[PDB]
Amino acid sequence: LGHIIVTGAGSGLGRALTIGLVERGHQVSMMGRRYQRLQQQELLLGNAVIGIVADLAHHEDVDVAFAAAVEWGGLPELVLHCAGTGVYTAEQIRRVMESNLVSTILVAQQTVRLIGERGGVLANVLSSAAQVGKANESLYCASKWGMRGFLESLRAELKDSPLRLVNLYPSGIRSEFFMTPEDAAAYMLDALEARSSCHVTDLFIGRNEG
């Protein structure tokens, strides 16, 4: 009955979050760039979800994807935005930030439009991939700080509006070959549980010691 939208649903993180919300009885509109991963999730979870293929970095593409989501599940209670992640060149830089900041901005504006008056939750994942040496670090910092700048500025603007902004920070998730998606998701979904007198506004998760 409870409709949730999850972007980057094909990521290890987005997969785990989608699975977890389903297990907690929610319907989930999965948005992702990679259709094969959306289908594999549809095969696993069936009528509890739909895969909407969308590239969230273009204003029209966002409009279309959200229209199908609302079409299938009605207005959402939670928009879970998983921006994911990724000697630098311009062409290397544009791509990264446009998949990240642009998607973040467009999903947020589309969410304000859709549920700004009705209320609900806009949850953003500013994930931090575990590097073994910190090679490309400064571009990731640029990326995540920009997103945080935008969102905390948007949340202060949405003071007194029924729409709540929640920012979630899993630091140390895997890619290219120690925080598991499952554990990350479980903290995040517990944190996103509704309670009468309060909610979690910010959640920082870090890796365990060896």
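Residue numbers run from 1 along the displayed sequence.
When you step from residue 120 to residue 121 in this entry, do you jump over none, 1 to 3, 4 to 9, or 10 or more residues of the deposited sequence that have no coordinates? Nothing is missing between them.
Deposited residues lacking coordinates between residue 177 and residue 178 (none, 1 to 3, 4 to 9, 10 or more): 10 or more residues lack coordinates between residue 177 and residue 178.
Which wins on mean Cα temperature factor, 105 to 113 or 134 to 142? Between 105 to 113 and 134 to 142, it is 134 to 142.
Residue stretch of maximal mean CA temperature factor, 168 to 176 vs 63 to 71: Of 63 to 71 and 168 to 176, the stretch with the higher C-alpha B-factor average is 168 to 176.
By the entry's C-alpha temperature factors, tell me which of 149, 181, 162, 51 sits highest. That would be 162, according to the entry.
Ranking the modelled residues of this chain by C-alpha B-factor as given in the entry, is residue 28 in the lowest, middle or highest third? Its C-alpha B-factor, which the entry lists for residue 28, ranks in the lowest third among residues of this chain.
What third of the chain, by the recorded C-alpha B-factor, contains residue 56? It falls in the top third of the chain.
If you rank the chain by CA B-factor, which third does residue 158 end up in: lowest, middle or highest? According to the entry, residue 158 has a C-alpha B-factor in the chain's highest third.
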